[PDB]
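**Q** Protein chains in written order, with my numbering: chain A, 187 to 227; chain B, 928 to 937; chain C, 746 to 836; chain D, 97 to 168; chain E, 255 to 417; chain F, 46 to 161; chain G, 3 to 21.
No residue lacks a Cβ here, since even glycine has one placed at the ideal position from N, Cα and C.
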Amino acid sequence: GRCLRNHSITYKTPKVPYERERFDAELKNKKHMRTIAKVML
Amino acid sequence: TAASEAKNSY
Amino acid sequence: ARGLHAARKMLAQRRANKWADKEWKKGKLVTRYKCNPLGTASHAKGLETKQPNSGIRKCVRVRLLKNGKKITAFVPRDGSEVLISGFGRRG
Amino acid sequence: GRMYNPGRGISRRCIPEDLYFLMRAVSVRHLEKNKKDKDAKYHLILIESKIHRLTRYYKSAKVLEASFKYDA
Amino acid sequence: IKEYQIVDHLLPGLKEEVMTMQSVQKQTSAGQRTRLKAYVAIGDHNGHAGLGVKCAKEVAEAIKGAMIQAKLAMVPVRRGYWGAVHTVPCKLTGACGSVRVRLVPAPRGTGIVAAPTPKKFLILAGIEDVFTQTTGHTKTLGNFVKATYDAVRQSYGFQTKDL
Amino acid sequence: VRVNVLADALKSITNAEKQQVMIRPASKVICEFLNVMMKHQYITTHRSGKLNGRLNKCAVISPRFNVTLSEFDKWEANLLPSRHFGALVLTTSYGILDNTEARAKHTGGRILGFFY
Amino acid sequence: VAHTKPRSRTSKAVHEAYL
RNA sequence: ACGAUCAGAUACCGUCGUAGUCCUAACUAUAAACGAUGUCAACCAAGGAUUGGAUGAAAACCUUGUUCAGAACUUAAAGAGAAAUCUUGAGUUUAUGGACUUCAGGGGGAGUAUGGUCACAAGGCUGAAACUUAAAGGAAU
RNA sequence: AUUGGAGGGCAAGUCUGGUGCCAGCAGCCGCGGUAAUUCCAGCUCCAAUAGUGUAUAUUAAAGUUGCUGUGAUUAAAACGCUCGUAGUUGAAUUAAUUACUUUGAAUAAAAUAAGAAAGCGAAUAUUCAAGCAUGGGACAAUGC
RNA sequence: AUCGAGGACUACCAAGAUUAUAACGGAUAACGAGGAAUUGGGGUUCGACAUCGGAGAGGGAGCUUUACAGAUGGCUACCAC
RNA sequence: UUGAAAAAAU
Numbered sequence: 187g188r189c190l191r192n193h194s195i196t197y198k199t200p201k202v203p204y205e206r207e208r209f210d211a212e213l214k215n216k217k218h219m220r221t222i223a224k225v226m227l
Numbered sequence: 928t929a930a931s932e933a934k935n936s937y
Numbered sequence: 746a747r748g749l750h751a752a753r754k755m756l757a758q759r760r761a762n763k764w765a766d767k768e769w770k771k772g773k774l775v776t777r778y779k780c781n782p783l784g785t786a787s788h789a790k791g792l793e794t795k796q797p798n799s800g801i802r803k804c805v806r807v808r809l810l811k812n813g814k815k816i817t818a819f820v821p822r823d824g825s826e827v828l829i830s831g832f833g834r835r836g
Numbered sequence: 097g098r099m100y101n102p103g104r105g106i107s108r109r110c111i112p113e114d115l116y117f118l119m120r121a122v123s124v125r126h127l128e129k130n131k132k133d134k135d136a137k138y139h140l141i142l143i144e145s146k147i148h149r150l151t152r153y154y155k156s157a158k159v160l161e162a163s164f165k166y167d168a
Numbered sequence: 255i256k257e258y259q260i261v262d263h264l265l266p267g268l269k270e271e272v273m274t275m276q277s278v279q280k281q282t283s284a285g286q287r288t289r290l291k292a293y294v295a296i297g298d299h300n301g302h303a304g305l306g307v308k309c310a311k312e313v314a315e316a317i318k319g320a321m322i323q324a325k326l327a328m329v330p331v332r333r334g335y336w337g338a339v340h341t342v343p344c345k346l347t348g349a350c351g352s353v354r355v356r357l358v359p360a361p362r363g364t365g366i367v368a369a370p371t372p373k374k375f376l377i378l379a380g381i382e383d384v385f386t387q388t389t390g391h392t393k394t395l396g397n398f399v400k401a402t403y404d405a406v407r408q409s410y411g412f413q414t415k416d417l
Numbered sequence: 046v047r048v049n050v051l052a053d054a055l056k057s058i059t060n061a062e063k064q065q066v067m068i069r070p071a072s073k074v075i076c077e078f079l080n081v082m083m084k085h086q087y088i089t090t091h092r093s094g095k096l097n098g099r100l101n102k103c104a105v106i107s108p109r110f111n112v113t114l115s116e117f118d119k120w121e122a123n124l125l126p127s128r129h130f131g132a133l134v135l136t137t138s139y140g141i142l143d144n145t146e147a148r149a150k151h152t153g154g155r156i157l158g159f160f161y
Numbered sequence: 003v004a005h006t007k008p009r010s011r012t013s014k015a016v017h018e019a020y021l
């Protein structure tokens, strides 16, 4: 390890870079519990 | 009798 | 073998068959330290086309500081110690 | 199927010593005059392996004391 | 249903999707006799899906005849529940040629985890949650949709306990 | 050679139901496998003596992997068509059961096979 | 009849011996 | 080695002819050594004919029935496959697990180098890498 | 406010000037031999954005390493064939250990997950391979 | 002899120990673990580096003092500086 | 009876 202080990522870029059905829907900039529900169901 | 059925692939 | 106690062969079988893998073998046997001009490094400081395409590719020959081997290097752009870093395809 | 040949016979009785009888091994070891009979030699090995498979079995069953070793 | 208007009669407003246009050729003495083959998908989004194929000399003509075949090839899609309708009732696989596409029931939240081509057809059928795995040359579009179409086409044949 | 009677038995049943069926060797596992397949309703010689449109496919699993209770979820998710239809068959310390009572008897053990 | 010692205590060995 | 034919023909065509072709003894251990389909076990649609039985009928040989073993063949609206095709499997495989052994991982370089070992030798067995390249290949129209 | 791009993969011009298989671009398909949707320019819009290109390597894609899970007639791939040791796998049947299985004990923190990135009392549960105690003996292996 | 068990060592006696369930040997661009990256399940790759344990102070070796060192921001000799 | 060859890319 390198540091005692924790850190996290607050987003994840999509797998497919260019898809029209996503460019329109998403359009300042373009910058969990479902599975938690899943595991108990 | 085993003969009665005795007078095959896998 | 499939039986519950035959974990020795399948472990042994897989180890043998991994050596057939071209990509996997290249990263384990000793050529990245003696045959790769770049070694394991990214960049390296140093000092006519195929049939259906005609013209001339301007290129350069470079002698590396560390190994000393001579390699052919392309020039990037139109009308274009040297740092050389591979191409699109790895190796 | 058969132990050595590929034949698969089902001749059986239907209900409503053997090691001795395999030493056949001596009766062909005949090979003295016929030294070129390679058919007999191949079949001699097959009969011998039958003996060693039976020899190994009877020892662990304590039928034969484990000093047994069939020779020529 | 030997007529395409009847499915247009009992299933109005069939939302349309041309999967792709694929140009075939026939070598002859003069040259190549090229025709355009179009795969179209129809079907309301409530358990009815249809796939049809037609090839002709004109793009517009081939599509028009393609909707007919998809209309004629009408099949019901059996939907069900994951644990508690949104997904398939069991695991089904569509046996096209080299392509084998398998449908796995999915929980309420997950979308269509599938390639773009079987997705557009699986959206049409009326499914929203599904897990898919493919086995074969999926770059062959025609066999991809047929493998998808076949997978849902057998959903109403598997006699489960409730049936 | 005949290694597993259970493996031979279930393949005999599937091919018949795909096309009553007969099983020539009978063991302590073959029959009591069926009692699970009969209480789910799926089924109606001195020498180890010798179907209603419902059975889809019954098969055994090669070497009987010890199954923990926590491991039940992985096996059902793999070998069962859905979460409501099929049934595993387990041999446990309290007889041959399936994933229902073995989850209720609070025990694990080896796995025999299944039936949809 | 014990929990399941030699083969001289087993059931069909002793229940035959008992017989 | 001759004679032909041919632009040449050091080959196909014709004639002659050493090694070999045969047997013995010892080596070599490779072939499209192929069913290009490993061995063992259960199940699986419909037929006629066939090689050795045994049990009936019919007077050892021929004609019929019954049940096994063996080499096959015919049909399939079924099963499988990319298809050709396979069906006594190449079926019972994404609805993926009967037991075991061996082999393969894009095409070349290459069955090459080095090393080891067997043979009198030719060679056999084991067997890379550097480097090079977007195809090579299969079945069908 | 930049970075790369505008033929396809992959979102974005069948706009205008030159170059003429040359210079060049292009990770691959390929574009260029004088009318270039790909070159060098000018304009415009496309994705993300204080970030975005390039090279190298790990993982996923890869069911292209296969326990889950591959293929071996013809695409690469069943030893020419049989015997045989080690290995693995081994029919049914019966009213001492080990394996298996259930519970516990015991088990550094940090971290993981959990009761703006952070920070600080979670029952916080791990965390396997072993080892200890325990209820069970159906499937198994070892001799009796 | 050691703080102390023990071929750790010395004298006598014996022929024994391991190995195809991979011994012996070779390679590592090998300090090990807690962990990290990525993952549907299964897994693949990394872990010098926060914390635990190990080892080292240019290379060996020999010592001093002390309760603890084969210490090196202590000594002694050789090699190399 | 003889019967060989067709410069590179579009």
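To which residues of the same chain is residue 802 of chain C closer than 8 Å at the C-beta, ignoring the five residues directly before and after it?
**A** 793, 794 and 819
**Q** Check whether the Cβ atoms of residue 96 of chain F and residue 62 of chain F lie closer than 8 Å to each other.
**A** yes
**Q** Name, going along the chain, the residues of the stretch 51–82 of chain F whose beta-carbon falls closer than 9 Å to a beta-carbon of chain C.
**A** Listed in sequence order: no entries.
**Q** Residues of chain F with CB under 7 Å from residue 792 of chain C, in chain order?
**A** Neighbours of residue 792 of chain C on chain F: none; closest Cβ ~60 Å, over 7 Å.
**Q** Using DSSP's beta-bridge definition, name the partner residues of residue 99 of chain D.
**A** According to DSSP, which records beta bridges pairwise, residue 99 of chain D is partnered with nothing at all.
**Q** Along the chain, where does the beta strand (DSSP E) containing residue 794 of chain C start, and where does it finish?
**A** Unbroken run through residue 794 of chain C: none, as it is neither H nor E.
**Q** For a contact defined as C-beta to C-beta under 7 Å, what are the partners of residue 126 of chain F on chain E?
**A** Within chain E, the residues near residue 126 of chain F are 344 and 345.
**Q** Out of curiosity, what's the CA-to-CA distance linking residue 160 of chain F and residue 82 of chain F?
**A** 8 Å
**Q** What does residue 98 of chain D reach in chain B if we use C-beta pairs closer than 9 Å?
**A** Simply none; closest approach about 14 Å.
**Q** Under 7 Å between beta-carbons, which chain A residues line up against residue 365 of chain E? List them in chain order, please.
**A** Within 7 Å Cβ-Cβ: nothing; residue 365 of chain E doesn't reach chain A, min ~11 Å.
**Q** Select from F:88, F:49, F:77 and F:47 the residue whose C-alpha is nearest the C-alpha of residue 59 of chain F.
**A** F:88
**Q** In terms of residues, what are the limits of the beta strand (DSSP E) holding residue 815 of chain C?
**A** 815–819
**Q** Three or more C-beta pairs closer than 8 Å, one from the stretch 766–783 of chain C and one from the stretch 139–153 of chain D: is that the case here?
**A** Two segments are said to touch when three or more pairs of C-beta atoms, one from each, lie closer than 8 Å; by this definition the stretch 766–783 of chain C does not touch the stretch 139–153 of chain D.
**Q** For the alpha helix (DSSP H) containing residue 316 of chain E, name the first residue and the last one.
**A** Per DSSP, the continuous alpha helix (DSSP H) segment holding residue 316 of chain E begins and ends at 313–326.
**Q** So which of F:68, F:133, F:156 and F:50 has the shortest CA-CA distance to residue 102 of chain F?
**A** F:133
**Q** Compute the distance between the beta-carbons of residue 721 of chain C and residue 826 of chain C, then report whether it is under 8 Å.
**A** This structure gives no information on residue 721 of chain C, because the portion of chain C shown stretches from 746 to 836.
**Q** So, are the CB atoms of residue 299 of chain E and residue 352 of chain E less than 8 Å apart?
**A** In this structure, residue 299 of chain E lies away from residue 352 of chain E, with their beta-carbon atoms at least 8 Å apart.
**Q** Report yes if the C-beta distance between residue 135 of chain F and residue 156 of chain F is below 8 Å; otherwise report no.
**A** yes
**Q** Taking 8 Å as the cut-off, decide whether the C-beta atoms of residue 117 of chain F and residue 148 of chain F are in contact.
**A** yes
**Q** On the CB-based measure, 16 or more other CB atoms within 10 Å of its CB, does residue 305 of chain E come out buried or exposed?
**A** Residue 305 of chain E should be labelled buried.
**Q** Would DSSP call residue 349 of chain E helix, strand or coil?
**A** Of the three classes helix, strand and coil, the one that applies to residue 349 of chain E here is strand, per DSSP.
**Q** Spatial neighbours of residue 265 of chain E within its chain, please: CB distance less than 7 Å, with the 5 preceding and 5 following residues excluded, ordered by chain position.
**A** Only residues of its own chain outside the window of five on either side were considered, and among them 298 and 302 have a CB closer than 7 Å to the CB of residue 265 of chain E, listed in chain order.
**Q** Can you tell me whether residue 402 of chain E is helix, strand or coil according to DSSP?
**A** helix
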